[PDB]
Protein chains: 2
Amino acid sequence: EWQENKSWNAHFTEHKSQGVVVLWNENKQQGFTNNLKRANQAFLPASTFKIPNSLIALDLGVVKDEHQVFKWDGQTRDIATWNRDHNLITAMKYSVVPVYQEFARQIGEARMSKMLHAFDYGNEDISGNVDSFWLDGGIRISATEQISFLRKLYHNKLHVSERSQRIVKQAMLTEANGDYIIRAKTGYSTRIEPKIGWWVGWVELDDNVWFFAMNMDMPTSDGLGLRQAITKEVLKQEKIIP
Amino acid sequence: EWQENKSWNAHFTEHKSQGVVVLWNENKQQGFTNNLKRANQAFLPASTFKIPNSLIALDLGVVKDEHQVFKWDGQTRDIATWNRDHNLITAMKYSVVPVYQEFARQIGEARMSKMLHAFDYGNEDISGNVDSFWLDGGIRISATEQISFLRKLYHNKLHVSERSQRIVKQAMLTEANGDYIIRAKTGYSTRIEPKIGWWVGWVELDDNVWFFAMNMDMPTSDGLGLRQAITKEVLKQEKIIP
Ligand SMILES: O=C(O)c1cccc(-c2nccs2)c1
Ligand SMILES: [Cl-]
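Its PDB header names X-ray crystallography as the technique used to obtain the model and reports a resolution of 2.10000527 Å.

Pasting the structure below:
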């Protein structure tokens, strides 16, 4: 139920890159990747952790709903879109770390740990700062593990309210047209080597769902756009999107 | 509160057509239209009725959720996409009338009439056949009334569970990208004169929401693409979308 398609490596080599794309066909219950080993290598989730962090904040009432405004703390930061008020949707859209670091502080060490165990999330280890462990702490998760987690989310099978899971899946909305819907989240781990970029989510089709999880060596922010572009090239090759 | 910009009539007359666009700025509580009379003229809702119909079906348990499969009855119809199994998402996307006719029959006359009054939906008159009144029956709704209904749906203020409204708003998803999300529903009314096409919904921005409701003369199916094409050009012109 796992095949290695090394031809996808071209899509990484065309861009002088290195990484893995993992695809999962829900209907066929069958997985596909260019590199099974990197597919099972666990990394810092970085801002892909904003998915579980959102679920937990919502289910605990830290976030009332997707319209609640989280006021800028007035601290100017070097990402302009962070220096403004946000709600859950825009916070996820722009990967606003400081808003989610506030979520985590209010969640707390004990509840965060208990919830990630309930989620069976990666290595379930939050060692480090309660408000940065997913950027430079001990938590690790692989691409195949990201998919497993996402499959539960898609099916409302995580041990949080159906409402919390619906709200996050709405916040995850990235792209939709007449051919498909993508709900996903980007990630960018920089504080601890190796620097990598993430893209995890799923593609909704009329008759199937293709879960995906990719990470790639990201020495500089210059190549961040390759997270989505390389994934789409593979999706296009496998005839999943036009 | 309202403003009429007759100039916008060019959007319709340049395609040898006539119609109305109605825009509502949620933040400013302001409305805009090319034609005040036609914005308050009531037409058959046709497939835009699948919004309230889905809400009622879900809230009464006629539809369990957006994953439940409604099996094709094996009767070949002239729309290829209708000759398939469907769920709430795809039945909305393809305006699968026979799936929603079965919804109505199970909903029943009494509960249907009573929910439409609860919704304050159009003239609230289901006279005709319970499985087709929104096609050739007595119910009517205007573009402004469509907006009054959608705004309640957005704010989860309709008299159904939040879950029912979230699910229906998920099923309304039409387009999403880095700039805006459109949730909407198309309509096409041919059984009573005048033949018209609908497009109703809203566009979600980072800092605002714009509700829209449009209908336009549709003497043949050739011009159905204009329902969304014209609307988006008004949105671009008003700089609501790039
Ligand atoms: O992709 C992401 O999740 C992400 C998260 C936070 C910051 C960034 C940055 N983008 C440019 C320079 S730092 C990206
Ligand atoms: Cl959605």
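Visitor: Please provide a residue-by-residue account of the overall build of chain A, values included.
Guide: Helices and strands together make up the secondary structure of chain A, namely ten helices and seven strands. For 242 residues, the compact-globule formula gives about 18 Å, and the C-alpha radius of gyration of chain A, at 17 Å, lands near that figure. Over its C-alpha atoms, taken along the principal directions, chain A stretches across nearly 45 × 35 × 35 Å.

Visitor: Tell me about the pairing of strand β2 (residues 19-25) of chain B, and name the residues and values.
Guide: All names here are of chain B. Where burial is concerned, most of β2 is hidden: seven out of the seven residues are buried. Burial along β2 is two-sided: the residues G19, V21, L23 and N25 and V20, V22 and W24 are all buried. The sheet contact formed by β2 and strand β9 (residues 209-217) spans seven bridges and is antiparallel. Bridged to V21 within β9 is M214. Here four bridges tie β2 to strand β3 (residues 30-33), and the two strands are oriented antiparallel to one another. If you follow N25 over to β3, its bridge partner there is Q30.

Visitor: Before we move on, can you summarise the packing of aromatic side chains with the specific residues and values?
Guide: Applying the stated criterion across every chain, the model contains 30 aromatic pairs over all chains. Between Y154 of chain A and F211 of chain A, the ring centres sit 5.6 Å apart and the planes meet at 90 degrees, which makes this aromatic pair edge-to-face. On the criterion of sequence distance, the pair formed by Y154 of chain A in helix α8 (residues 143-154) and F211 of chain A in strand β7 (residues 209-217) is long-range, its members being 57 residues apart. Note on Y154 of chain A: relative accessible area 14%, which makes it buried. Residue classification places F211 of chain A among the buried residues on the basis of a relative accessible area of 0%. On the numbers, 5.1 Å between centres and 90 degrees between planes, the contact of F133 of chain B with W134 of chain B is edge-to-face.

Visitor: I'd love a proper account of α8 of chain A, names of residues and values included.
Guide: All names here are of chain A. For α8, built from twelve residues, the straight-helix expectation of 16 Å at 1.5 Å per residue is met to within 8% by its first-to-last C-alpha distance of 16 Å. Where α8 is concerned, the buried positions are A143, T144, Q146, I147, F149, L150, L153 and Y154. Phi turns positive, to about 55 degrees, at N156, one or two residues after α8.

Visitor: How would you sum up the site of ligand 1? Please name residues and give values.
Guide: Residues and elements named next belong to chain A. Near ligand 1 the following residues occur: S47, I79, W82, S95, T186, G187, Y188, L224 and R227. With respect to ligand 1, the side chain of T186 contributes an N or O atom lying 3.3 Å from an oxygen atom. One nitrogen or oxygen atom from the main chain of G187 is found 3.5 Å from an oxygen atom belonging to ligand 1. Alone, ligand 1 offers 360 Å² of accessible surface; in the complex the protein occludes 69% of this. With three residues, the single largest contributor to the shell around ligand 1 is strand β5 (residues 181-189). Along the lines of polarity and charge, the residues of the shell around ligand 1 split into four nonpolar, four polar and one charged.

Visitor: Which residues make up the interface of chain B and chain A, and what values go with them?
Guide: On the chain A side, the residues contacting the 20 residues of chain B number 20 residues. For the pairing of chain B and chain A, the buried interface totals around 1800 Å² over both sides, and the portion due to carbon and sulfur atoms is 40%. Counting across the interface, chain B meets chain A through six salt bridges. Linking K93 of chain A and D206 of chain B is a salt bridge whose minimum nitrogen-to-oxygen distance equals 2.9 Å. For the interface between chain B and chain A, the tally reads twelve residue pairs in polar contact.

Visitor: Pulling in residues and values, what's your account of the UniProt feature "active site" in chain A?
Guide: According to UniProt, the feature "active site" maps to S47 of chain A in the numbering used here. One can find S47 of chain A in the loop between α2 (36-39) and α3 (50-59).

Visitor: Run through the nonpolar core, naming residues and quoting values.
Guide: Generally speaking, soluble globular proteins have nonpolar side chains that are buried together. In this structure, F103, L116 and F119 of chain A are the most contacted members of the largest nonpolar core, which totals 57 residues. Those residues in contact with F119 of chain A, other than ones at most four positions away along the chain, are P52, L55, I56, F149, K152, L158, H159 and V160 of chain A. Counting 55 residues, the second largest nonpolar core, distinct from the first, contains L55, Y121, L153 and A213 of chain B.

Visitor: Give me the pattern of salt bridges: which residues, what numbers.
Guide: Opposite charge on two side chains makes pairing possible when the charged atoms of those side chains draw close. On inspection of all chains with the given rule, the structure shows 30 salt bridges over all chains. We note a salt bridge from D131 of chain B to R105 of chain B, for which the minimum N-O separation is 3.1 Å. Placement of the pair is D131 of chain B in the loop between α6 (109-119) and α7 (133-136) and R105 of chain B in helix α5 (residues 97-107), with a sequence separation of 26 residues. The partly exposed category is assigned to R105 of chain B, whose relative accessible area is 42%. What emerges from the salt-bridge pattern is a single network uniting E66 and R163 of chain A together with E162 and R166 of chain B.

Visitor: I'd like a description of the pairing of strand β6 (residues 173-176) of chain B, backed by residues and values.
Guide: Residues and elements named next belong to chain B. As judged from the three bridges shared by β6 and strand β7 (residues 181-189), these two strands associate in the antiparallel manner. From the neighbouring strand, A176 faces β7, where its bridge partner is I181. Where β6 hands over to β7, the hairpin turn is made up of four residues, counted between the paired strands.

Visitor: Residues and numbers for the relation of the copies chain B and chain A, please.
Guide: For the pair of chain copies, the relating transformation is a rotation about an axis with a translation along it. Superposition of chain B onto chain A requires a rotation of 179 degrees combined with a translation of 0.0 Å along the rotation axis, giving an RMSD of 0.3 Å. Here the transformation between the copies is reduced to the relation of a two-fold axis. Relative to the rotation axis, the C-alpha of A176 of chain B is the closest in chain B, positioned 2.2 Å from it. Counting the interface residues of chain B, we find that 100% of their copies in chain A are interface residues as well, pointing to one common contact surface.

About the cut-offs
Residues numbered from 1 in each chain as written, not as in the entry; some residues may be left out. Chains lettered and ligands numbered in written order. Heavy atoms only, no water. Residues with missing side-chain atoms left out of burial classes, pairs and counts. Helix = DSSP H or I, 4+ residues; strand = E, 2+ residues; numbered from the N terminus. Rg over C-alpha atoms; globule rule 2.2 N^0.38 Å. Buried < 20%, exposed > 50% of the residue type's maximum accessible area, 1.4 Å probe, protein only. Pairing = 2+ DSSP bridges. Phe/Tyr/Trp six-rings, centres within 6.5 Å; stacked < 30°, edge-to-face > 60°. Expected span 1.5 Å × (residues − 1). Near = heavy atom within 4 Å. Polar contact = N/O pair within 3.5 Å; in protein donor to acceptor, adjacent residues only side chain to side chain. Areas by Shrake-Rupley, 256 points an atom, 1.4 Å probe, with all protein chains shown as cover. Nonpolar A, V, L, I, M, F, W, Y, C, P; charged D, E, K, R; others polar. Contact = heavy atoms within 4.5 Å. Buried area = accessible area lost by both parts, 1.4 Å probe. Salt bridge = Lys/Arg side-chain N within 4 Å of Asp/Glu carboxyl O. UniProt positions renumbered as here; feature names shortened; annotations may be inferred. Core = buried A, V, L, I, M, F, W, Y, C linked by side-chain atoms within 4.5 Å. Least-squares fit on C-alpha atoms.

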